[PDB]
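Here's the structure, in structure tokens; my notes come after.
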Amino acid sequence: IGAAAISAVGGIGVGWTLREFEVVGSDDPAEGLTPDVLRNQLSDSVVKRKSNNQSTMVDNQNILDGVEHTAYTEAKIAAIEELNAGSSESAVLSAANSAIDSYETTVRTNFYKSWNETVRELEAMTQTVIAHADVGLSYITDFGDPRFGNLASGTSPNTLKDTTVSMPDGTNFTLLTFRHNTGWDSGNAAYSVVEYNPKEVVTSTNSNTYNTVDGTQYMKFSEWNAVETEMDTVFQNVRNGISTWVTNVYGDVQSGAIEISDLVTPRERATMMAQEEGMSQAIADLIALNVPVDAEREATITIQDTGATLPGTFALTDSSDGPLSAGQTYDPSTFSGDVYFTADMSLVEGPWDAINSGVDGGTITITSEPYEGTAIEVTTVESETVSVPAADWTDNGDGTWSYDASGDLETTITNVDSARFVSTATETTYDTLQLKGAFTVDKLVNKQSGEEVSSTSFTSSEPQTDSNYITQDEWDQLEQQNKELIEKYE
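In the deposited numbering, the protein residues as written are 9 to 498.
Structure representation (structure tokens):
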């Protein structure tokens, strides 16, 4: 339940399941700061971190079956090479599991790296509050009972404990276990201590396994552990599945029957699209994870509550979420899987009806919060227009925002005729959103004929199982179906 400010979770965020992913760093506030400003900057950092974690690790749960697909592709190729060489069953499984080892290490390391950064940032934010001393710890570290009365001066209530994780490739990774203690002795009614990480909750006494900063709940164990337990399931299924696969394939599949030595895997295809521009990375990644996508059509969508309209291509994690027909309204909260929408964000536009009629001494007033990355284009009754980007709207704290257009308008005492919001993007900027709120499909444009079609048709390659990809045709179709999907977005 994110914002763009379209009901959807924006800036996805899925390459961490296919490549080494670099974490987003912390923002350090200035020494000479006001408590009101420090509190706003800390709240903004928490919102940004939560939004980043949602769009990457936390909210892409239904694409983890694609990780299983990627892991099967990679392990089976490694096994086929060994089978063709007339190797022992142990050597065949060794090559397949070494492929899973390296793939799991990358996915797990990326996931734990982003937790470590979240948890390191909180400690950096805590240290700032301790140093500024005009802001209380209860503002930045609230885990249920934020009473820091018995905590020593210059001491953090947090402890980042080093926890060794045994990576499948034989290496060790340092996962940071977050411990928080308000400072009271065991025996006091106020005693509050929490200790957890994405893997487990060590202790929770008069505590929440999530932090609350300016009404925002983040570092949720339930959210982080959900991805952790799903990751465990996926790599257990691949290893058990590849064992069953090799046991049933060893000896009967002739050495030389399948030749995949020069195969370009959907994973390899998407990683080459990262170093060479040509399409947005997330839809290339969603294709590599074998998520059903609609490449042939172009949907003009309109968000019910917002009023924003957008042209773009769909993606469903579950194709059984039925066809998305034009003229119909859909609520993604009812759906079995997730809806992804890839659109050119420079084309975001909609009507802004939450505006006061009067333009008094050049001042324009709006009755709703302006959306980030958009400008409200206000047209007066004298047929003059002023473009006001969200950052220029001054908050009155009355539930109203105002802007002084005395320097922009010729007639400063007038009335608003109409107002609309449009994107502030200078160029075509592609983005992949996970639609969370109700949307209506206005029209479906079939490329490159421009025809108006009634419904959508999603496509994906054959899902990998513990018994398939035995024939060369299954493998030939995998490379062919994938390379023509990438071509359709180029």
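No residue lacks a Cβ here, since even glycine has one placed at the ideal position from N, Cα and C.
Take the Cβ of residue 76 as the centre, count every other Cβ of all protein chains shown within 10 Å, and call the residue buried at 16 or more, exposed below.
-> Within the sequence shown, residue 76 is the residue found at index 68, counting from 1. Per the 10 Å Cβ criterion, buried.
How would you write the range of the beta strand (DSSP E) that residue 428 sits in, first residue to last?
-> As a first step, residue 428 is located in the sequence shown; it is residue number 420 there, counting from the start. That run of the beta strand (DSSP E) goes 422 to 431.
Is the beta carbon of residue 188 sitting closer than 8 Å to the one on residue 165?
-> Residue numbering aside, residue 188 sits at position 180 when the sequence shown is read from its first letter. Residue numbering aside, residue 165 sits at position 157 when the sequence shown is read from its first letter. Yes; because the gap between Cβ atoms is below 8 Å, this pair is in contact.
Does the Cβ-Cβ distance between residue 351 and residue 300 come in under 8 Å?
-> Looking up residue 351 in the sequence shown gives position 343. Looking up residue 300 in the sequence shown gives position 292. Their beta carbons are not under 8 Å apart, which means residue 351 does not touch residue 300 by this criterion.
Pull up the distance between the alpha-carbon of residue 167 and that of residue 186, whole angstroms please.
-> The residue given as residue 167 occupies position 159 in the sequence shown. The residue given as residue 186 occupies position 178 in the sequence shown. Their Cα atoms are separated by approximately 6 Å.
Given residue 14 as reference, the closest of 275, 338, 82 and 311 once Cα atoms are compared | On the sequence shown, residue 14 is found 6 positions in, with the first residue counted as 1. Per the Cα distances, 311.
Buried or exposed for residue 406, please, with buried defined as at least 16 other CB atoms from any protein chain shown within 10 angstroms of its CB.
-> On the sequence shown, residue 406 is found 398 positions in, with the first residue counted as 1. Flag for residue 406 reads exposed.
Go ahead and pull the three-state DSSP assignment for residue 412.
-> By 1-based counting over the sequence shown, the position of residue 412 is 404. Strand, per DSSP.
Quick one: using the 10 Å Cβ neighbour count with 16 as the cut-off for buried, is residue 236 buried or exposed?
-> Translated into the one-based positions of the sequence shown, residue 236 becomes position 228. It counts as buried.
Along the chain, where does the beta strand (DSSP E) that runs through residue 134 open and close?
-> As a working note, residue 134 is residue 126 in the sequence shown. Premise fails: residue 134 lies in the alpha helix (DSSP H), 97 to 140, not in any beta strand (DSSP E).
Going by other Cβ atoms of all chains shown within 10 Å of its Cβ, with 16 needed for buried, is residue 462 buried or exposed?
-> Here residue 462 refers to the residue found at position 454 of the sequence shown. Label assigned to residue 462: exposed.
If you run the structure through DSSP and keep just helix, strand and coil, what is residue 43?
-> Counting from 1 along the sequence shown, the entry for residue 43 is found at position 35. Note: residue 43 maps to helix in three-state DSSP.
Report the rounded CA-to-CA distance for residue 495 versus residue 225, giving the unit in angstroms.
-> Within the sequence shown, residue 495 is the residue found at index 487, counting from 1. Within the sequence shown, residue 225 is the residue found at index 217, counting from 1. So the alpha carbons of these two residues sit roughly 41 Å apart.
Just how far apart, CA to CA, sit residue 263 and residue 95?
-> Against the sequence shown, residue 263 aligns to sequence position 255. Against the sequence shown, residue 95 aligns to sequence position 87. Using only the alpha carbons, I get a separation of about 10 Å.
Contact between the region 336 to 344 and the region 437 to 451: three or more CB pairs below 8 Å?
-> yes
Whole beta strand (DSSP E) runs in the region 199 to 280 with 3 or more residues, listed along the chain?
-> 201 to 204, 209 to 213, 219 to 221 and 224 to 226
Mind checking residue 421: buried by the 16 CB within 10 Å criterion, or exposed?
-> Numbered from its first residue, the sequence shown carries residue 421 at position 413. Exposed: under 16 other Cβ atoms inside 10 Å.
Nearest neighbour of residue 353, chosen from 382, 304 and 202 [CA to CA] | Residue numbering aside, residue 353 sits at position 345 when the sequence shown is read from its first letter. Ranking the options by Cα distance to residue 353, first place goes to 382.
Is it right to say residue 361 is buried, meaning 16 or more other beta carbons lie within 10 angstroms of its own, or is it exposed?
-> Translated into positions along the sequence shown, residue 361 becomes position 353. Looking at its Cβ environment, which holds fewer than 16 other Cβ atoms inside 10 Å, residue 361 is exposed.
Rounded separation between residue 481 and residue 267 - CA only | Here the question's residue 481 lines up with position 473 in the sequence shown. Here the question's residue 267 lines up with position 259 in the sequence shown. Approximately 11 Å, taken between the alpha carbons.
Nearest-angstrom Cα distance between residue 151 and residue 223?
-> As a working mapping, residue 151 is identified with position 143 in the sequence shown. As a working mapping, residue 223 is identified with position 215 in the sequence shown. Rounded to the nearest angstrom, the two C-alpha atoms are 12 Å apart.
Where the beta strand (DSSP E) through residue 439 begins and ends | What you label residue 439 is simply residue 431 of the sequence shown in a count that begins at 1. Taken as a continuous stretch (DSSP letters only), the beta strand (DSSP E) holding residue 439 covers 438 to 443.
Distance, residue 281 Cα to residue 456 Cα | Position 448 of the sequence shown, counted from the start, is the residue given in the question as residue 456. Position 273 of the sequence shown, counted from the start, is the residue given in the question as residue 281. Answer to the nearest angstrom: the Cα atoms are 23 Å apart.
Between residue 126 and residue 68, which are expected to be in contact by the criterion C-beta below 8 Å, what is the C-beta distance as a whole number of angstroms?
-> Taking the sequence shown and counting its residues from 1, one reaches residue 126 at position 118. Taking the sequence shown and counting its residues from 1, one reaches residue 68 at position 60. Incorrect: roughly 16 Å between the Cβ atoms, too far for contact.
Identify, in the order they occur along the chain, each residue of the same chain with its Cβ nearer than 7 Å to the Cβ of residue 475, setting aside the five sequence neighbours on each side.
-> Taking the sequence shown and counting its residues from 1, the one referred to as residue 475 is at position 467. Here the set comprises 253 and 256.
Alpha helix (DSSP H) runs contained entirely in the region 329 to 365, provided each spans 4 or more residues | none
So residue 387 packs on residue 425, CB below 8 Å; how close in whole Å?
-> Looking up residue 387 in the sequence shown gives position 379. Looking up residue 425 in the sequence shown gives position 417. Residue 387 to residue 425, Cβ: 5 Å. Contact.
Opposite residue 320 in the DSSP bridges: which residues?
-> The residue you call residue 320 lines up with position 312 of the sequence shown. Its beta-bridge partners are 307 and 351.
When DSSP labels each residue in this structure, what does residue 403 get in the three-state scheme?
-> Walking along the sequence shown from the start, residue 403 turns up at place 395. Reduced to three states, the DSSP call for residue 403 is strand.
Count the other CB atoms, across all protein chains shown, that sit within 10 Å of the CB of residue 390; report buried if there are 16 or more and exposed otherwise.
-> As a first step, residue 390 must be located in the sequence shown, where it is residue number 382. That one is exposed.
Burial state of residue 399, where buried means 16 or more other Cβ atoms lie within 10 Å | Taking the first residue of the sequence shown as 1, we reach residue 399 at position 391. Residue 399 is exposed by the Cβ-count criterion.
Within 7 Å: the Cβ of residue 271 and any heavy atom of the ligand MN?
-> Only the bare structure without any ligand can be found here, which leaves the ligand MN out of the picture.
Runs of beta strand (DSSP E) wholly within the region 140 to 200 (minimum 3 residues, chain order) | 166 to 174 and 180 to 189
Touching by the beta-carbon criterion (3+ pairs, under 8 Å), the region 136 to 144 and the region 116 to 126 = no
Residue 492 burial status per 10 Å Cβ neighbour count (16 or more: buried) | For the purposes of this step, residue 492 is taken as residue 484 along the sequence shown, with counting starting at 1. Burial call: exposed.
With a 10 Å radius around its C-beta and 16 neighbouring C-beta atoms as the bar for buried, classify residue 213 as buried or exposed.
-> Mapped onto the sequence shown, residue 213 falls at position 205. Flag for residue 213 reads exposed.
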